[PDB]
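Peer 1: Pasting in a structure now, in structure tokens, and then I'll have a few things to ask.
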Amino acid sequence: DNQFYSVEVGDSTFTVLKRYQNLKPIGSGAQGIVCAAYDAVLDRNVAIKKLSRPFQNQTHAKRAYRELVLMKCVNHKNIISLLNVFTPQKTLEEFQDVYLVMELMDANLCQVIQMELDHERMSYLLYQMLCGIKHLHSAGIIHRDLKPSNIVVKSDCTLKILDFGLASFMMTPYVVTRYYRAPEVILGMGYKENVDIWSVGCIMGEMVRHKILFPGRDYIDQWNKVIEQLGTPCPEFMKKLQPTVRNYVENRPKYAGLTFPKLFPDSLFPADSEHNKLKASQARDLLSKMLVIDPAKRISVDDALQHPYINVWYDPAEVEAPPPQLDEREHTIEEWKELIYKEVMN
Ligand SMILES: O=C(Nc1cnn(-c2csc(C(=O)NC3COC3)c2)c1)Nc1c(F)cccc1Cl
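Take the sequence shown: its letters are residues 45 to 211, 217 to 373, 379 to 400, numbered as in UniProt numbering.
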């Protein structure tokens, strides 16, 4: 007779609508735990995400509220869509957890990066990532924190981006992945649309090399990896850093930078035919236009899509889409709880 039922997925209690059956663990993100389930009404498999007390702190609250708001309006194949939103709690006072439902995907882009993919799959995943980013940009949303763990894929190579980016202190054991963040973000230096192009390049290079391009304990070790490989940036770029950050970066040892065939040799690409020899040079040309420290000289999202390696997948209804109280910040626990509760029940 009750509309919900309780099941223990590992060590996380999922209390869901009775339509959701056969829950199975499939991932453990920094925001919440996710399950696979069969939906009895839609007759299809779905993913369920639980947000445990999203209102418990500013970082948790601004992301939980912001994503619920942005999902209600963005409409694209390469951006996550919500099939459902629900809370087992009946009142604001008892309100604790929120559950988000989406189509069940088959794998995380982290899993896909470990595979030796051909040029056709590699170029189709990169194409979709750019279409998703271009739609977010079209809707006034520059991401700034795109990474493989918040990107999911189907067996038919279709791709969807799960989060919406940046808005500080998290008092937990799990630490955030900063390896795909642009130099503009690392150095706390103003941004524009192509900041996400850098993150696409970090993914593309890792797809080729099968290792994180810019590893590091903190942004100190990270900036070391960006200049050792790509070189110390030109004086034009140093002439737009903040004074304090400028003296750090200009004081760092200078590097000429390894050329893109040295960083990504012919060995790492399929080269068994003329078609593959050409596609290796086209992929290496794009990596060299995406992994550019200066955003003024880094490639556009529109130009990235029109590049020969990517423009083989172009279609009119898979690039642009008709665009449409723009978010809130700084609230108590109770004020954030109420704002999030409002979005959950319209
Ligand atoms: O991760 C999330 N979603 C997601 C969708 N597919 N997947 C997935 C990754 S691996 C995998 C798998 O193994 N599928 C097998 C093939 O049949 C089982 C499946 C993960 N978060 C999320 C959510 F769940 C709900 C709403 C918002 C968000 Cl953001």
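From the three backbone atoms N, C-alpha and C, an ideal C-beta is built for every residue, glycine too.
Going by other Cβ atoms of all chains shown within 10 Å of its Cβ, with 16 needed for buried, is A84 buried or exposed?
Peer 2: Exposed: under 16 other Cβ atoms inside 10 Å.
Peer 1: My guess is that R188 and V244 are in contact by the Cβ rule of under 8 Å, so how many angstroms apart are they, rounded?
Peer 2: With 8 Å as the limit, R188 and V244 qualify as a contact, their Cβ atoms being about 6 Å apart.
Peer 1: So, is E285 buried or exposed, given that buried needs 16 or more other C-beta atoms within 10 angstroms?
Peer 2: Answer is exposed; the Cβ neighbour count stays below 16.
Peer 1: Is there at least one non-hydrogen atom of ligand 1 closer than 7 Å to the beta-carbon of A231?
Peer 2: Not under cutoff, so the answer is no.
Peer 1: Output needed for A353: all residues of its chain with C-beta closer than 8 Å, excluding positions within five of it in sequence on either side, in chain order.
Peer 2: Excluding positions up to five away in sequence, the list reads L174, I246, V249, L335, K338, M339, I359.
Peer 1: Which term fits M159, buried or exposed, when burial requires 16 or more other beta carbons within 10 angstroms of its beta carbon?
Peer 2: It is exposed - the Cβ of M159 has fewer than 16 other Cβ atoms within 10 Å.
Peer 1: Are three or more beta carbon pairs between the region 152-170 and the region 111-120 nearer than 8 Å?
Peer 2: As far as the Cβ criterion goes, the region 152-170 does not touch the region 111-120, which means the pair count is below three.
Peer 1: From the DSSP output, in three-state form, read off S72 for me.
Peer 2: If DSSP states are grouped into helix, strand and coil, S72 belongs with the strands.
Peer 1: So the beta strand (DSSP E) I124 belongs to, where does it begin and stop?
Peer 2: No beta strand (DSSP E) contains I124, which DSSP labels as neither H nor E.
Peer 1: Please confirm if the region 266-280 is in contact with the region 224-234, defined as three or more CB-CB distances below 8 Å between the two stretches.
Peer 2: Cβ pair count under 8 Å is three or more, so yes.
Peer 1: Let me make sure I understand the geometry here. Which of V142, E138, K94 has the alpha-carbon closest to that of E397?
Peer 2: Nearest C-alpha to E397: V142.
Peer 1: Buried or exposed for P98, going by 16 or more other Cβ atoms inside 10 Å?
Peer 2: Buried.
Peer 1: So who's on the other strand from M146, going by DSSP bridges?
Peer 2: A91, per the DSSP bridge assignment.
Peer 1: For the beta strand (DSSP E) that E52 lies in, which residues bound it at each end?
Peer 2: Element bounds for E52: 48-53.
Peer 1: Using 7 Å as the cut-off, classify the Cβ of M173 as near or not near the heavy atoms of ligand 1, replying yes or no.
Peer 2: Every heavy atom of ligand 1 is 7 Å or more from the Cβ of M173, so no.
Peer 1: Between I70 and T293, what straight-line distance do the alpha-carbon atoms span, to the nearest angstrom?
Peer 2: Roughly 44 Å separates the two Cα atoms.
Peer 1: Within 10 angstroms of the Cβ of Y297, are there 16 or more other Cβ atoms? Answer buried if so, exposed if not.
Peer 2: It is exposed - the Cβ of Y297 has fewer than 16 other Cβ atoms within 10 Å.
Peer 1: State the start and end residues of the unbroken alpha helix (DSSP H) segment that holds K311.
Peer 2: Taken as a continuous stretch (DSSP letters only), the alpha helix (DSSP H) holding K311 covers 309-312.
Peer 1: Return yes when at least one heavy atom of ligand 1 lies under 7 Å from the C-beta of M256, else no.
Peer 2: No, Cβ of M256 sits at least 7 Å from all heavy atoms of ligand 1.
Peer 1: Which word fits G54, buried or exposed, when buried means at least 16 other C-beta atoms lie within 10 angstroms of its C-beta?
Peer 2: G54 is exposed by the Cβ-count criterion.
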